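In what follows, a single structure is set out as structure tokens and then discussed.
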Amino acid sequence: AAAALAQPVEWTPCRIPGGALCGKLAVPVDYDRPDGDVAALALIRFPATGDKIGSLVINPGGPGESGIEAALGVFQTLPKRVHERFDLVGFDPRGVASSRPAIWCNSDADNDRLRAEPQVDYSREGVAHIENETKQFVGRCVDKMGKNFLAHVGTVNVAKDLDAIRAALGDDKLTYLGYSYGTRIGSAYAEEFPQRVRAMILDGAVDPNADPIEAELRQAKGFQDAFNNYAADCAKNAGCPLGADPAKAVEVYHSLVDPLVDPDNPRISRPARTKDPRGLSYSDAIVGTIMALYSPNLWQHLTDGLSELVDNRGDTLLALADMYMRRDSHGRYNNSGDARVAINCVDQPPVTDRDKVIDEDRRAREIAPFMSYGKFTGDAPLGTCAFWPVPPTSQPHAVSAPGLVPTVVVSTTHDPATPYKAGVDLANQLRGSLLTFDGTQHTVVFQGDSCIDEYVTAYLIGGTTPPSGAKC
């Protein structure tokens with residue numbers, strides 16, 4: 001519906017708090033082919049209540065996460081001063097959620113069937129099974145999307161979309177807040193449109209120069225550290241289902257989740273009983289645990305989920321895994337999972353070397369024993385991107401944007417998903433400021449911490465950056 005060239009966004013009330021307005025923006029699928037296929041990006045806008053500086057455009061990360069949904073969430077925790085001075089704007093990146101066309105690969109049944117599998121058998125036969133499933137997944141993506149849209153969903157094109165959004169909002173310069181993956185949008189935008197950046201907050205950092213395997217292993221270490229902090233906390237509390245000795249927590253954890261796999265056939269699930277018909281598979285138990293380690297706000301749920309497992313029940317861990325997968329109460333998945341893969345697979349060269357992948361699994365098992373089953377087998381499956389039918393549109397490199405205004409990178413000391421040091425490195429590459437938050441969670445801005453939010457508010461409004469060494 002949105003007209004292919006700079007037709008202004010037609011705003012209409014969303015059908016929802018704060019007089020929110022909604023509209024669509026047309027962008028070209030291929031920027032080298034502006035008369036070609038068009039994508040329609042969905043936008044949400046919460047008008048400022050005071051003297052408007054401009055729009056605060058956010059991205060929640062993922063990739064594959066809806067910026068409209070995140071804006072609705074952020075609206076509730078937005079500081080009064082930011083609400084006064086900025087229109088809060090969310091957008092769904094190309095291919096995500098309400099934007100069109102939307103990346104779709106799996107049916108709801110495809111996803112359910114995969115989650116029912118233990119996903120633990122890394123024998124040659126098990127690796128072949130996983131890689132066959134992966135090839136069929138990629139075939140489904142190609143069949144539903146076509147190679148042309150898949151080729152162009154990457155962050156390099158999201159950054160160009162973002163400048164079109166800036167201009168469509170009437171802003172001369174971009175004020176931007178990005179979480180996790182959204183800091184790759186931020187630094188890509190910073191490199192291509194440095195003269196358009198008014199202000200940037202980047203919470204939970206992606207280092208675009210990282211080696212993909214070492215970044216994955218650092219992420220594995222981040223989740224093991226988070227697991228360790230969760231379990232040492234749990235050990236102080238009565239009835240801790242992992243026990244009172246945190247040196248034994250990984251062992252006790254495996255005594256609870258390992259029985260969900262048939263000990264004589266690793267392909268056979270023995271799911272824990274739930275009220276849901278699915279029951280709790282081993283793979284969903286791990287995924288639900290990973291979900292809970294995103295925030296101490298979810299640690300009570302992990303404790304509930306593990307206490308249930310003592311009695312061979314799995315309802316809370318299943319619900320946590322559903323939250324991770326974004327499967328709603330009617331069994332419908334949103335498209336975040338499929339979009340996340342399709343975007344990740346074009347944002348850098350995939351790992352295709354079998355030895356590197358096998359060595360990565362050998363190391364991951366030692367770095368993060370909570371989420372590995374049994375023993376190293378000598379084999380491991382290639383990731384989905386090794387089979388991707390469309391080439392990368394970005395290459396790892398250190399951010400180089402010399403004219404860029406000072407920016408703020410927020411980094412949490414025991415962030416499991418984007419570890420602390422990645423924020424230090426990103427702030428170094430941007431020559432920006434590093435704001436430290438001491439905690440065991442992924443992201444922190446506009447999530448209840450006045451110390452963080454006061455720094456962010458002063459930067460968004462006055463351009464003031466935190467002093468060197470600032471901590472919250």
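Within each chain, counting starts at residue 1; across the structure tokens, chains are named A, B, ... in the order shown, with ligands numbered 1 upward in that order.
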
At a cut-off of 9 Å, using only C-alpha atoms, what residues contact residue 58 of chain A? Leave out same-chain residues fewer than 4 positions from it and give the result as a list in words.
residues 67, 70, 71, 88, 89, 90, 91, 175, 176, 177, 178, 179 and 182 of chain A

Using N, CA, C and O atoms, can you export the residues from the last selection as a PDB file, in the first residue's frame?
```
ATOM      1  N   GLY A  67      10.192  -3.957  16.498  1.00  0.00           N
ATOM      2  CA  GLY A  67      10.391  -2.655  17.114  1.00  0.00           C
ATOM      3  C   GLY A  67       9.097  -1.992  17.549  1.00  0.00           C
ATOM      4  O   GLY A  67       9.095  -1.179  18.478  1.00  0.00           O
ATOM      5  N   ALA A  70       8.437  -3.533  20.906  1.00  0.00           N
ATOM      6  CA  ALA A  70       9.371  -3.011  21.897  1.00  0.00           C
ATOM      7  C   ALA A  70       9.039  -1.569  22.265  1.00  0.00           C
ATOM      8  O   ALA A  70       9.109  -1.198  23.439  1.00  0.00           O
ATOM      9  N   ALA A  71       8.665  -0.745  21.281  1.00  0.00           N
ATOM     10  CA  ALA A  71       8.243   0.624  21.584  1.00  0.00           C
ATOM     11  C   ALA A  71       7.063   0.644  22.554  1.00  0.00           C
ATOM     12  O   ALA A  71       7.044   1.442  23.499  1.00  0.00           O
ATOM     13  N   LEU A  88       8.538   8.889  20.688  1.00  0.00           N
ATOM     14  CA  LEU A  88       9.083   7.534  20.728  1.00  0.00           C
ATOM     15  C   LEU A  88       8.628   6.782  19.482  1.00  0.00           C
ATOM     16  O   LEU A  88       7.423   6.641  19.244  1.00  0.00           O
ATOM     17  N   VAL A  89       9.577   6.310  18.675  1.00  0.00           N
ATOM     18  CA  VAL A  89       9.258   5.635  17.420  1.00  0.00           C
ATOM     19  C   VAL A  89       9.867   4.238  17.421  1.00  0.00           C
ATOM     20  O   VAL A  89      11.064   4.072  17.684  1.00  0.00           O
ATOM     21  N   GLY A  90       9.045   3.239  17.112  1.00  0.00           N
ATOM     22  CA  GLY A  90       9.521   1.895  16.841  1.00  0.00           C
ATOM     23  C   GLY A  90       9.267   1.563  15.384  1.00  0.00           C
ATOM     24  O   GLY A  90       8.367   2.126  14.756  1.00  0.00           O
ATOM     25  N   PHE A  91      10.074   0.658  14.837  1.00  0.00           N
ATOM     26  CA  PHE A  91       9.845   0.160  13.484  1.00  0.00           C
ATOM     27  C   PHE A  91      10.145  -1.324  13.454  1.00  0.00           C
ATOM     28  O   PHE A  91      10.992  -1.818  14.203  1.00  0.00           O
ATOM     29  N   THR A 175      18.259  10.391  16.201  1.00  0.00           N
ATOM     30  CA  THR A 175      18.470  10.058  17.605  1.00  0.00           C
ATOM     31  C   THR A 175      18.047   8.603  17.778  1.00  0.00           C
ATOM     32  O   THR A 175      16.902   8.252  17.472  1.00  0.00           O
ATOM     33  N   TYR A 176      18.969   7.754  18.241  1.00  0.00           N
ATOM     34  CA  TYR A 176      18.785   6.311  18.108  1.00  0.00           C
ATOM     35  C   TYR A 176      19.169   5.583  19.387  1.00  0.00           C
ATOM     36  O   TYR A 176      20.199   5.876  19.996  1.00  0.00           O
ATOM     37  N   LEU A 177      18.336   4.620  19.781  1.00  0.00           N
ATOM     38  CA  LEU A 177      18.649   3.685  20.860  1.00  0.00           C
ATOM     39  C   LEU A 177      18.556   2.264  20.316  1.00  0.00           C
ATOM     40  O   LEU A 177      17.502   1.859  19.816  1.00  0.00           O
ATOM     41  N   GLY A 178      19.643   1.509  20.408  1.00  0.00           N
ATOM     42  CA  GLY A 178      19.662   0.138  19.929  1.00  0.00           C
ATOM     43  C   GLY A 178      20.097  -0.828  21.010  1.00  0.00           C
ATOM     44  O   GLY A 178      21.072  -0.586  21.724  1.00  0.00           O
ATOM     45  N   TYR A 179      19.372  -1.932  21.117  1.00  0.00           N
ATOM     46  CA  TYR A 179      19.696  -3.010  22.041  1.00  0.00           C
ATOM     47  C   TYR A 179      20.271  -4.196  21.276  1.00  0.00           C
ATOM     48  O   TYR A 179      19.784  -4.538  20.196  1.00  0.00           O
ATOM     49  N   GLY A 182      20.707  -4.539  17.729  1.00  0.00           N
ATOM     50  CA  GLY A 182      20.442  -3.181  17.282  1.00  0.00           C
ATOM     51  C   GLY A 182      21.654  -2.272  17.328  1.00  0.00           C
ATOM     52  O   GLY A 182      21.653  -1.212  16.683  1.00  0.00           O
TER      53      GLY A 182
END
```

Write out as an mmCIF file with N, CA, C and O atoms, in the first residue's frame which residues come within 10 Å of residue 375 of chain A when counting only C-alpha atoms, dropping same-chain ones fewer than 4 positions away.
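So the final result, stored in part-v1.cif, reads:
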```cif
data_model
loop_
_atom_site.group_PDB
_atom_site.id
_atom_site.type_symbol
_atom_site.label_atom_id
_atom_site.label_comp_id
_atom_site.auth_asym_id
_atom_site.auth_seq_id
_atom_site.Cartn_x
_atom_site.Cartn_y
_atom_site.Cartn_z
ATOM 1 N N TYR A 122 25.119 -36.232 18.695
ATOM 2 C CA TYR A 122 26.156 -35.714 17.814
ATOM 3 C C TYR A 122 27.061 -36.824 17.282
ATOM 4 O O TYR A 122 28.207 -36.559 16.900
ATOM 5 N N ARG A 362 33.928 -28.948 20.974
ATOM 6 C CA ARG A 362 34.818 -29.466 22.009
ATOM 7 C C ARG A 362 35.052 -28.420 23.089
ATOM 8 O O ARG A 362 34.991 -28.725 24.288
ATOM 9 N N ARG A 365 31.728 -27.393 25.203
ATOM 10 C CA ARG A 365 31.376 -28.365 26.228
ATOM 11 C C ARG A 365 32.134 -28.107 27.521
ATOM 12 O O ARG A 365 31.605 -28.371 28.606
#
```

Enumerate the residues of segment 40-255 of chain A with a DSSP assignment of helix (DSSP H, G or I), computed from the backbone, and present them as a PyMOL selection string.
chain A and resi 67-77+80-85+108-115+124-145+147-151+155-168+182-192+194-196+212-235+246-255

Excluding residue 401 of chain A and residues on its chain fewer than 5 positions from it, collect all residues at most 7 Å away from it, counting only C-alpha atoms, and give them as a ChimeraX atom specification.
/A:190-191,194,430

Could you dump the residues just selected with N, CA, C and O atoms as a short mmCIF file (atom, residue, chain, number, x, y, z; two decimals), in the first residue's frame?
```
data_model
loop_
_atom_site.label_atom_id
_atom_site.label_comp_id
_atom_site.auth_asym_id
_atom_site.auth_seq_id
_atom_site.Cartn_x
_atom_site.Cartn_y
_atom_site.Cartn_z
N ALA A 190 26.02 4.40 11.54
CA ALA A 190 27.07 5.37 11.84
C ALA A 190 28.13 5.42 10.74
O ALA A 190 28.68 6.49 10.45
N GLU A 191 28.43 4.27 10.12
CA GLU A 191 29.46 4.25 9.09
C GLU A 191 28.96 4.84 7.79
O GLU A 191 29.72 5.51 7.08
N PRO A 194 27.34 9.06 8.81
CA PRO A 194 27.86 9.72 10.03
C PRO A 194 27.38 11.15 10.18
O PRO A 194 27.12 11.60 11.30
N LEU A 430 34.14 3.08 18.26
CA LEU A 430 33.37 4.29 17.99
C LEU A 430 34.02 5.54 18.58
O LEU A 430 33.53 6.65 18.30
#
```

Using atom CA of residue 198 of chain A and atom CA of residue 403 of chain A as the two end points, give the distance in Å to one decimal.
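Pair atom CA of residue 198 of chain A / atom CA of residue 403 of chain A returns 11.8 Å.
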
Counting only C-alpha atoms, the residue of A:33, A:326, A:83, A:147 that sits nearest residue 45 of chain A
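So, comparing all the options, the nearest one is A:83.
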